[PDB]
Amino acid sequence: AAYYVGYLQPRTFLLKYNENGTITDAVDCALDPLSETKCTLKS
Amino acid sequence: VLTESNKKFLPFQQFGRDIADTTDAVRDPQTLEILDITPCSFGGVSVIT
Ligand SMILES: *[C@@H]1O[C@H](CO)[C@@H](O[C@@H]2O[C@H](CO)[C@@H](O[C@@H]3O[C@H](CO)[C@@H](O)[C@H](O)[C@@H]3O)[C@H](O)[C@H]2NC(C)=O)[C@H](O)[C@H]1NC(C)=O
């Protein structure tokens, strides 16, 4: 048996709700500069 | 104006809000069905004379 513990972090997150309402893709705004631009551009 | 919708609500989710933070779809508490919310028609009135 294997169990992980991915401690959560309070961090802004760009959730891409699909046509169906389920988050399909995403961007972690604080991950790297490219991700941060995507969040600022909201794209 | 209400109308039957086709938005799958999750068991814990009851209200669906709009960009302006306005509910544009609701789930009826009695019958678990999804309704569609749309503001009643409006518009400017112009008098031609
Ligand atoms: C959200 O749900 C709708 C409806 O299922 C998805 O719409 C797209 O609709 C067409 C026609 O239904 C799908 O083609 C196929 O439909 C048949 C049933 O009609 C199904 O058995 C097939 O497996 C196939 O799905 C089309 O695939 C479907 N889109 C997708 C990605 O499956 C809509 O796509 C759903 N949104 C997402 C992001 O999945």
Side-chain angles (χ1 to χ4, degrees):
Chain A
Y3 64 96
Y4 309 84
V5 189
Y7 280 59
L8 301 182
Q9 308 295 347
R11 69 199 306 96
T12 300
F13 207 97
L14 183 70
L15 292 153
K16 170 175 175 177
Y17 286 75
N18 59 17
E19 298 74 355
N20 296 76
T22 51
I23 308 144
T24 292
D25 205 331
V27 171
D28 186 2
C29 305
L31 172 60
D32 56 357
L34 176 54
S35 299
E36 199 168 1
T37 60
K38 291 177 178 174
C39 292
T40 56
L41 269 53
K42 225 67 67 176
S43 171
Chain B
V1 67
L2 307 181
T3 302
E4 81 306 340
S5 179
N6 64 331
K7 189 60 170 180
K8 150 59 193 182
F9 274 57
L10 291 173
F12 65 97
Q13 298 198 334
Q14 186 172 73
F15 309 102
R17 74 196 40 280
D18 195 5
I19 308 307
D21 191 358
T22 62
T23 311
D24 72 321
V26 71
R27 169 168 267 166
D28 179 73
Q30 295 185 347
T31 56
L32 286 321
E33 55 168 333
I34 311 307
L35 299 170
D36 186 320
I37 282 269
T38 289
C40 312
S41 62
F42 78 97
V45 170
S46 297
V47 178
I48 298 147
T49 183

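Below, all heavy atoms of this structure are taken into account, side chains as well, without hydrogens, waters or symmetry copies. Just so it is clear: chains get the letters A, B, ... in the order the sequence lines come, proteins before strands, and each one is counted from 1. In listed order, ligands and their atoms are each counted from 1.
Listed for the A:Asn18 side chain is a donor-acceptor partner under 3.5 Å among the backbone atoms of A:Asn20.
Protein heavy atoms all stay at least 4.0 Å away from atom 29 (N) of ligand 1. Distance check on atom 7 (O) of ligand 1: every protein heavy atom falls at or beyond the 4.0 Å cut-off. Atom 24 (C) of ligand 1 lies below 4.0 Å from none of the non-hydrogen atoms of the protein. Distance remark: protein heavy atom not present below 4.0 angstrom from atom 15 (C) of ligand 1. For atom 19 (O) of ligand 1, the nearest protein heavy atom is 4.0 Å or more away. Within 4.0 Å of atom 11 (C) of ligand 1, not a single protein heavy atom is present.
B:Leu2 is listed as a side-chain neighbour of B:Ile37, based on a closest heavy-atom distance under 4.5 Å. The shortest distance between side-chain heavy atoms of A:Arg11 and A:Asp28 falls below 4.5 Å.
Contact detail for B:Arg27 and B:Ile34: the closest heavy-atom pair is NE-CD1, 3.1 Å.
Of the options A:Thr22, A:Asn20, A:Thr24, the smallest heavy-atom separation from atom 35 (C) of ligand 1 is shown by A:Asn20.
Residues forming a side chain to side chain donor-acceptor pair (under 3.5 Å) with B:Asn6 (at least two apart in sequence, or on another chain): none.
Listed by number with element, the atoms of ligand 1 under 4.0 angstrom from any heavy atom of A:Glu19 are 38 (C).
Note on A:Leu31: it does not cluster hydrophobically with A:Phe13, by side-chain heavy-atom contacts below 4.5 Å among ILVMFWY residues.
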